[PDB]
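Taken in sequence, the protein lines are chains 1Y, 1X, 1e, 1J, 1A, 1d, 1K, 1N and 1b.
Using the deposited numbering, read the first sequence as starting at 2 and increasing by one per residue.
Using the deposited numbering, read the second sequence as starting at 1 and increasing by one per residue.
Using the deposited numbering, read the third sequence as starting at 1 and increasing by one per residue.
Using the deposited numbering, read the fourth sequence as starting at 1 and increasing by one per residue.
Numbered per the deposited numbering, the fifth sequence spans residues 1 to 25, 53 to 115.
Numbered per the deposited numbering, the sixth sequence spans residues -1, 2 to 120.
Using the deposited numbering, read the seventh sequence as starting at 1 and increasing by one per residue.
Using the deposited numbering, read the eighth sequence as starting at 1 and increasing by one per residue.
Using the deposited numbering, read the ninth sequence as starting at 1 and increasing by one per residue.
Input: a single structure, listed below in structure tokens.
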Amino acid sequence: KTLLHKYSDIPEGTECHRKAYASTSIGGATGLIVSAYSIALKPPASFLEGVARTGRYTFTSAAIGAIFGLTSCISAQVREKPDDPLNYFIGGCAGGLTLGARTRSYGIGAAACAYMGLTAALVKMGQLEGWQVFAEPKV
Amino acid sequence: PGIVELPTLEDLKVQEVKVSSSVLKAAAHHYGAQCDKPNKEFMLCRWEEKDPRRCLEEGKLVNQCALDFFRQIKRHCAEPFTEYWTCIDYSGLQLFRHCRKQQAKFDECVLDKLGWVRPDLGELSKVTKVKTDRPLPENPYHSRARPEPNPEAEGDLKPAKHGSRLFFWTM
Amino acid sequence: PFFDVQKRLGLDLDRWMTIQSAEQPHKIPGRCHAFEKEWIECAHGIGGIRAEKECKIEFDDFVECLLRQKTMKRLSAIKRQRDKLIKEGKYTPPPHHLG
Amino acid sequence: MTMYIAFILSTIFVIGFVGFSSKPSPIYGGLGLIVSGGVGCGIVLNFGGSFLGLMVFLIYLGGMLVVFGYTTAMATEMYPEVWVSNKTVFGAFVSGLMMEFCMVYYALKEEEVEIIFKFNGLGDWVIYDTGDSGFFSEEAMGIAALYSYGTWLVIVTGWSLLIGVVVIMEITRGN
Amino acid sequence: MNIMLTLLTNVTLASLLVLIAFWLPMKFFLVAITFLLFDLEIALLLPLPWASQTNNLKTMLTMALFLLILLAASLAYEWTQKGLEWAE
Amino acid sequence: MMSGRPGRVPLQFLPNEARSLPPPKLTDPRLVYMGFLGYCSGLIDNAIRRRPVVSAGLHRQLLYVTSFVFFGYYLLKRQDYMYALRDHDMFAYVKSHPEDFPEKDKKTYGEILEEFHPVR
Amino acid sequence: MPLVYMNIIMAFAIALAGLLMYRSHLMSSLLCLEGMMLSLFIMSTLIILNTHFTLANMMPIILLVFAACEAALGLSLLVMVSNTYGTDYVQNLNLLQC
Amino acid sequence: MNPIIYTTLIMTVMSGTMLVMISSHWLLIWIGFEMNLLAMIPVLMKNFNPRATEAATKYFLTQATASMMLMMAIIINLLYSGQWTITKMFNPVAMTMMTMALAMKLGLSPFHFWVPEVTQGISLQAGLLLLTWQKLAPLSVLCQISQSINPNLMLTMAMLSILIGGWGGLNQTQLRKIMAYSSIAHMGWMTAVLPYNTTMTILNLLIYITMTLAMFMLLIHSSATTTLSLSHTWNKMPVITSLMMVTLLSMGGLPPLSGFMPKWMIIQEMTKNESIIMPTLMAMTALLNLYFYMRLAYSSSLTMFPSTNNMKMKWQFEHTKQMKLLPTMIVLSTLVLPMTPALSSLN
Amino acid sequence: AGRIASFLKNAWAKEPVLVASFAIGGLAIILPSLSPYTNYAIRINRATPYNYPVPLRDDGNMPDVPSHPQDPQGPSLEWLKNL
Ligand SMILES: CCCCCCCCCCCCCCCCCC(=O)OC[C@H](COP(=O)(O)OCCN)OC(=O)CCCCCCCCCCCCCCCCC
Ligand SMILES: CCCCCCCCCCCCCCCCCC(=O)OC[C@H](COP(=O)(O)OCCN)OC(=O)CCCCCCCCCCCCCCCCC
């Protein structure tokens, strides 16, 4: 989880350039994973078409992370409140707008803001209270 | 993890036997049946102590006792011994079945000049009650302490209090 | 096993081979029989959780025995330092290293 | 040279694996593994595994792969291929040896290869153990225990191989 | 030392012998699979000569015939149910 | 979990020490439920065979009911046994390590303050 | 972990990659399937022969006797698909689409 | 297949799987897996149709390598530990190799891709053995080595199993394909708690086996393989369709039906281990299973699809198969929920 | 018995091969039990030593083990000599 540590180590509301670049890396990293699978299960055309598919998938995933990290961090600076879960929501769903921008669909962009923002808010709660998704066997 | 202290070079100068394999194996049985006293407790040291370093004192004695046996032949029928061991080497397996006549010549000589009888079949392959002075090691493997086992389960069985106790199920 | 039928029946099916400190053909020892005896005797009736922390010194000594790793790190740096100290011409190897 | 015989055999093992796993024409692919089986014996022999290595020469290397060579005779493509015939197989061959070549370079420099497992690049001879084997030939008496200590392994080997013959002729029965 | 040296010189002479003479001038599959199974079962009883020197040869005795019986049994099935009789 | 407990003989459905517990009462409500389960199987059986569900083959239903009640009974003995076994070593464990279950210092409500929250 | 151990497991790793990189020939994949059990045999033998685990010499042969048994059925499986398709090409091994 | 040979071949699979659960040696665990693999291929090739050969080829190609991958972590664990006893793995990468190797023998993660088609290609009875008896042998190993498996790897693969299994069932027609996707979803359910508690994994196994075996081999009684074909069965045997809906609703897990037995107990254990987001999403995607469960019940008994005139012929005849152990198997797979304390018996 | 003896001779006429091997396997599997020498074979096999007969410390009252390799006490394989 080197990339995950790269993001979470940066304190909220500061070093926005580092937080953005970390956001691009995490968004970029998941771009390769989804594109490599897409090439595998669905065989593309000649290699230039394959990388064209790979480029599109990586571009959106990196773009969703890029803007999300920017706005999630500057919001803490501007609003002077890093702890609020809304600080991730306002940028967490803007990634859905970015997805809609690269897919050219108002409906899918708006719906993605409905969902991604909620999940991005939920991630902030997870770090705050101490939520664990893959909890170790305790009992 | 510590020190690997081992004996110096001082005690590692024994009068090493300068013979070869054929002459070693030509006698063999007679040497085994006449120098068992330093062989048995040294080998017993090798097994009980489980460490070469602690059996250096017995290690030199067996080599030294070999010389007394070996030079005893030189003051005796060593010429038949030379003819024997110079016929064993010629065989690639160093086998006795092709040198029976010299086997007799060595045996008949050693039978009366010294008296070392030929060890009968299976006599050497025998566990022996070798007398020894050293006490047995308290832990040959130098084992450390042992973890205390978990407390033993006991007590007469009692009915599960209030039954299954799983959600609303009773009895 | 899931259904340890060996324990109920009492007949040995594969336990003879499970470790190399059991009986072996004509008493041939394993390369690490001594450490197996120590680790196994250390960890019995202790459970699979307690033994992994308590009987660790025995395991560490044993886990080194099979694939001797730390001691080559000992040997590798011996070779590295010896090579460096002879390449520039300071340490002269003794004749016992040769004929 | 002579001191690196297990190392040199091991790297020929890899290049043989790279060549045949790159999937050339199947009859040529068999050869790529046959030499790998050939140099595989040397590693086993050099470590005292005289019987096990030689055993692999009779079965498998001189055995089952003959059937593989047999199978590629009647059930073959009309145009069997070669590393020149296709470009991807040519690229795979170069990639495998380059990856191997870059790896031994890493092994020879610092001997501190950490990829997946932690390896040491020292000489192959160090792992050997010093001590006489008496007269019993360790390996030879180890697999001779097949009938003294084998027990369960014997019946399951017999049964599965016997079950190996009910399955075969049944599937190639032609309805 | 001597083993691979012997292999090396044998290869060189054989390779030269052609070069000096080159520059200077379902049934078949079915039996093969049965061969593979029998040849593989043969690998089981190969270490028999050393196995005949154990201290419990009784267990060695009965189980050795068990492999040979099963080779006989596997042959028997492949025999009667047409099988080894080649397809037409 | 309690696989690996000291003394658990493998593949023993009912360990001998389980007999120290009170055996299930003859008409156990748990036991008679398996009698209901057996009865339904007989009723369902005739349905697939296209037979009078309530009247066809009283021999078939009798075997169905008897087997379910019987197999339930031993399963019901191991039922309470494991729960008794689970509670047994539990009760002894709290005594062997008193440090982790300390005395809960009982204090009446006259001491503890509960903050009141208006409901308007 | 010496180099001789490394070259074998790495050979297994590249053998594993080629096995699941099916080209247009099932025989080649079956051949690349052939790699690991030999790599497994070699890897097992060095471990067992080195450590003088006398009884464990069982398993190298035990590994080979059954790991070749799939090859017994696999080849007949290959000839079976080549008796209906007339070709070991794997692109036609997709009739189970729906 | 001559019945004597067919009976022996199933016995070998019976023996091969039984060997795994009774073995204490890592080799012997791999030993029976190979025998079990060696014996099923002829069973799958029961009709010798080209589709059956396709299914057998896919199953062999995805299982033989798993046994080969199985052996790989065995020697690596042997290399770093030196013991073949079935215990915790003392080397991390070996068990990382192990969990993937065992799972792809089974198929939960993308490894699962072979399960759908292979079930479809083979016969309905052959599909039963692959889907109700082949899930015990890998689970037997996972139960024994559950002490130290990496929780992150196992739970992720369990998530993907129920998420991919439920999602693919919605867009499936052949009842064999819905069976595979339903099984994939349930396998993640039973293996999700595997790192946490082993008893409720075996609980799910007995519960899942009973309903799956009952409703598979009841579907054999209907002699149907498509939703339309299953739809027609209401006119011939409306009792069969009525029983079909009961197990289908049990299959989803609606109380008080016994199919809610695993889903309830799993959520209880994961909650006990402070893992609470994990069950909720785990429970949520179970609705996907219910949807195509409910869709099949819609076309089976809850409505009446049009029949055919030629089907009046079938009314004059009757089935000949004796539905061995079928009738009792619905009863203990849809009504055994009040017998919930039986969990302790499995311990 | 007449037909069985006829059948065995019936076998030998139309085939001499597998009847001979069936006979060979039949005897080779049954004589092992009916043997006065298989006990000698295991006795001979164990008699041959491959390892050093590790001596035991003499704590007194050892009745049968010898102190000298030529001492009469201990196991003797003279039964092999005349064998
Ligand atoms: C706080 C730390 C993190 C900070 C940064 C924020 C997280 C990283 C950035 C956001 C990641 C999640 C959002 C989705 C990313 C991938 C989007 C993508 O691939 O879009 C392309 C495509 C959508 O279009 P498509 O479905 O292909 O249809 C049109 C085809 N012409 O879709 C595809 O091709 C793929 C299929 C659809 C998407 C499937 C799910 C992908 C995401 C999985 C979860 C990733 C979670 C990452 C964060 C947590 C873990 C680190
Ligand atoms: C938990 C939630 C609910 C779960 C269950 C829900 C079930 C219904 C769900 C909807 C199903 C789909 C829609 C309806 C489908 C109907 C299926 C069918 O086959 O219907 C027609 C069929 C005709 O009847 P037939 O098969 O001839 O049998 C008559 C009785 N011999 O009818 C039948 O085959 C029905 C046969 C019914 C047999 C009833 C037997 C009653 C036995 C009573 C025993 C009383 C004992 C009393 C003891 C007292 C002392 C203790």
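Note that the Cβ used here is the ideal one computed from N, Cα and C, for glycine as well.
DSSP, read as helix, strand or coil, puts residue 6 (chain 1Y) in helix. Listed by position along chain 1A, the residues whose Cβ is nearer than 7 angstroms to that of residue 24 (chain 1K) form an empty set, because the closest Cβ is around 22 angstroms away. Secondary structure at residue 68 (chain 1b): coil, using DSSP grouped into helix, strand and coil. Spatial neighbours of residue 243 (chain 1N) in its own chain (CB-CB distance under 7 angstroms, excluding positions within 5 residues in sequence) are listed in chain order as 218, 330. Judged by beta-carbon spacing, residue 3 (chain 1e) lies beyond the 8 angstroms limit of residue 37 (chain 1d), meaning their Cβ atoms are not closer than that value. For the C-beta of residue 97 (chain 1e), not a single chain 1J residue is nearer than 7 angstroms; the gap to the nearest is close to 15 angstroms. For residue 116 (chain 1X), the number of other beta carbons within 10 angstroms of its own is at least 16, and it is reported as buried. Look at residue 15 (chain 1e) here: in three-state DSSP terms it is helix. Using a Cβ-Cβ distance cut-off of 8 angstroms, the region 118 to 126 of chain 1Y and the region 93 to 107 of chain 1Y are in contact, since at least three pairs of beta carbons, one from each stretch, lie closer than that value. Comparing alpha-carbon positions, the option among 105 (chain 1X), 122 (chain 1X), 68 (chain 1X), 92 (chain 1X) lying closest to residue 82 (chain 1X) turns out to be 105 (chain 1X). Neighbourhood of residue 152 (chain 1X) in chain 1d, by CB distance below 8 angstroms: 6, in chain order. The beta carbon of residue 98 (chain 1X) sits closer than 7 angstroms to the beta carbons of 91 from its chain, once the five residues preceding and following it are set aside; these are given in chain order. Sequence-distant Cβ neighbours of residue 19 (chain 1Y) in its own chain, meaning closer than 6 angstroms and more than five residues away, are 11. Against chain 1A, the beta carbon of residue 76 (chain 1K) has neighbours under 9 angstroms at 56, 57, 60, listed in chain order. Ranked by Cα distance from residue 15 (chain 1J), the first of 156 (chain 1J), 154 (chain 1J), 101 (chain 1J) is 101 (chain 1J).
Assignment of residue 9 (chain 1d) by DSSP, reduced to helix, strand and coil, places it in the coil class.
Rounded to the nearest angstrom, the gap between the Cα atoms of residue 70 (chain 1e) and residue 2 (chain 1K) is 12 angstroms. The count of Cβ pairs closer than 8 angstroms, one atom from the region 61 to 80 of chain 1K and one from the region 70 to 88 of chain 1J, reaches three, so the stretches are in contact. At least one C-beta of chain 1X is nearer than 8 angstroms to the C-beta of residue 57 (chain 1b).
The beta carbons of residue 175 (chain 1N) and residue 84 (chain 1N) sit no closer together than 8 angstroms. For residue 76 (chain 1J), there is no enclosing alpha helix (DSSP H), since its DSSP letter is neither H nor E.
Residues of chain 1b whose Cβ lies closer than 9 angstroms to the Cβ of residue 85 (chain 1A) are, in chain order, 32, 38, 42.
With a threshold of 8 angstroms between beta carbons, residue 47 (chain 1K) makes contact with chain 1N. The beta carbons of residue 342 (chain 1N) and residue 79 (chain 1d) sit about 6 angstroms from each other, so the pair counts as a contact at 8 angstroms. The continuous stretches of alpha helix (DSSP H) do not include residue 15 (chain 1b), and DSSP gives it neither H nor E. Interface with chain 1d (8 angstroms Cβ-Cβ cutoff): residue 249 (chain 1N) is excluded. For the pair residue 21 (chain 1A) and residue 153 (chain 1J), the Cα-to-Cα distance works out to about 54 angstroms. Between the alpha carbons of residue 50 (chain 1b) and residue 53 (chain 1e) lies a distance of about 41 angstroms.
With a threshold of 7 angstroms, the Cβ atom of residue 101 (chain 1Y) does not count as near ligand 1, since no heavy atom of the ligand is closer than that. Across the structure, residue 136 (chain 1J) and residue 46 (chain 1b) are spaced so that their CA atoms are roughly 14 angstroms apart. Identification of chain 1N residues near residue 47 (chain 1d) by a Cβ-Cβ cut-off of 7 angstroms yields 239, ordered along the chain. About 23 angstroms separates the beta carbon of residue 192 (chain 1N) from that of residue 248 (chain 1N), a gap too long to meet the 8 angstroms contact definition. Taking 7 angstroms as the upper bound on Cβ-Cβ separation, chain 1J lies near residues 25, 26, 28, 31 of the region 21 to 49 of chain 1e. Excluding residues up to 5 positions away in sequence, 103, 108, 109 lie with their Cβ nearer than 7 angstroms to the Cβ of residue 157 (chain 1N) in the same chain.
Bounds of any alpha helix (DSSP H) do not take in residue 111 (chain 1d), whose DSSP letter is neither H nor E. Between the alpha carbons of residue 75 (chain 1b) and residue 81 (chain 1e) lies a distance of about 58 angstroms.
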